[PDB]
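So this first bit is one chain, no partners, the form deposited in one PDB entry, shown in C-alpha cells.
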C-alpha cells in the first residue's frame, strides 16, 4: 500500500504504511537498520506476545490496568499467537542490542490492535497505548530477556527434546534388531577386532541418551525469568508481588516451569543461561556429526566403499547419495559456529545490561530449529530404514585378518601369527593360508573361527 498513516513518538511524527498495525518506533527501526535479511523468528515474536499477555493479566490483577484494556490486549496477543499478524513484525536481528525496538514493535501492534478491538482506531487517536498500557510495569531491559528465555525453553521442551527422544528410540530398535550381526571393528580407520552391528549402534544410542541428560540439566537456568527487574534489576516502579505473579502467569499459559530469576542483576547483565544451554547443544552437534558420519561411511558404495549397511534412497545406477547425513553434518557445523557467536555476545555484557541480545537469541533459536528438525528429518528419512547388507558384512569379516586369534587356543599363538603373516604377505584369506601350511583342515577352521564368540 502506498497510502500512509502518521504515527508519533517523543521524537516526532513518521509515516507508516496505512495497512500496518505498528507505530513510530517500529518504523524508525525498520528504516534505520536495513542490515541483511535476518528478522526475529516467529518463536521469539510469540514469546514476546506471551510476555505481554502475562503482564496484562497481572497488571489487571494488581488493579493497575483496567479490565477492558487488559482483556483487549490479551485478545490482540492471542491473535499474534494464532498466526494472524506475522507481517506486523518487520524488524531486523541487527537492531539495538537490548531488543528495545522489537519490544516497542509488540507494544505498538498490540496497542493499535487492542484499540480496534475496543471499537477504536489505529494511530494517534488509539484507545490503548503502547507505553502506558501495553508496556505497563515493564522495561525493554527485562521484557526482551524474558522473551528470549520463554522462546528458548519452549523450543527445547516442545521441539528438540521430543525429536531427540524419537531418534533415540529408533536407533535403540535398530540396535536390538541387529544385536546378533557380527561385523569388523574399525579403529584409526583400520580393520580391528569384531563387534556386533547392534553394539555399534548402541554407542549411538548411549550418546543420544547422555545428550538428553545434559540438555535437561540446562533447563532450570533458562526457566529463570528477568521480568520484574525493570531497567537495572532493582524492580523500581513495580509492585512487590509483580515479578512472582508474572512468572506464575507465564507458567500457567505455557505449561512450562518458569520462575522469577532469584538475582535480577545476573538476569539482566548476562546471557549466561543461554551460553550454558548452548554448550549442551554443541555437544549434541558433535555427537550427531559422528553418528551421521558413521551412517554415511558404513553405507558408502555401492562397490568401492564399505557398504555394510543400506539407507533409504529418497531422491534420484547404484549411486545413493546420503543426503540426510549431509544436511545433518552441515547443520552440526552451523551449531558450532553459532556457539562462538553466542559466547562472544555472552562474554560482552557491561554493567547493568547485556546488549548483544538479538544476536544471541537469533543464534540460539536457530540451533534449536536445526537440531530439532534435523533429528526429525534424519529419523524419518534415514534412521528408520537402516538395514544391514549381511552378505557384504560377512565378506569383509571373513576376508579380514582379524579373526585369527580364534586359532590361538587350538594351534598356539606362534602358528596363528605365522598364518596371519602369510595371509597378509601373499594376499590370502586366513583359511587359505592355514590350509596351505597344513596346520588345520577346513572343517577345523570353520568349527574354531566363530565370530559370534568374539564379541563378549
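By rigid core we mean the largest C-alpha set that fits within 1.5 Å across both forms. Positions refer to the first chain, counted from 1.
- According to the entry, the deposited sequence has 4 to 9 residues without coordinates between residue 316 and residue 317.
- When the C-alpha B-factors of 343 to 351 and 72 to 80 are averaged, 72 to 80 comes out higher.
- Looking at mean Cα B-factors across 372 to 380 and 232 to 240, the upper value is held by 232 to 240.
- Per the PDB entry, 86 shows the highest C-alpha temperature factor of the residues 86, 294, 173, 266.
- In the deposited coordinates, the residue among 37, 59, 43, 27 with the greatest CA B-factor is 59.
- The deposited CA B-factor of residue 205 belongs to the lowest third of values across its chain.
- When the modelled residues of the chain are ordered by C-alpha B-factor, residue 218 sits in the middle third.
- Among all modelled residues in this chain, the alpha-carbon of residue 132 has a temperature factor (C-alpha) in the highest third.
- In this PDB entry, the Cα temperature factor of residue 140 sits in the top third of its chain's modelled residues, the highest group.
- Among the modelled residues of the chain, residue 65 sits in the highest third by CA temperature factor in this PDB entry.
Missing here is the form deposited in another entry; even so, the following discussion is about that form.
- Only one entry in 66, 409, 395, 42 has its C-alpha moved by 2 angstroms or more between the shown form and the other one when the rigid core is superposed, and that entry is 409.
- Put the two forms on the same core and the Cα of residue 12 is off by less than 2 Å between the shown form and the other one.
- Remark: with the core as the superposition reference, the CA shift of residue 433 between the shown form and the other one reaches 2 Å or more.
- Core-superposed comparison between the shown form and the other one: the C-alpha position of residue 54 differs by less than 2 Å.
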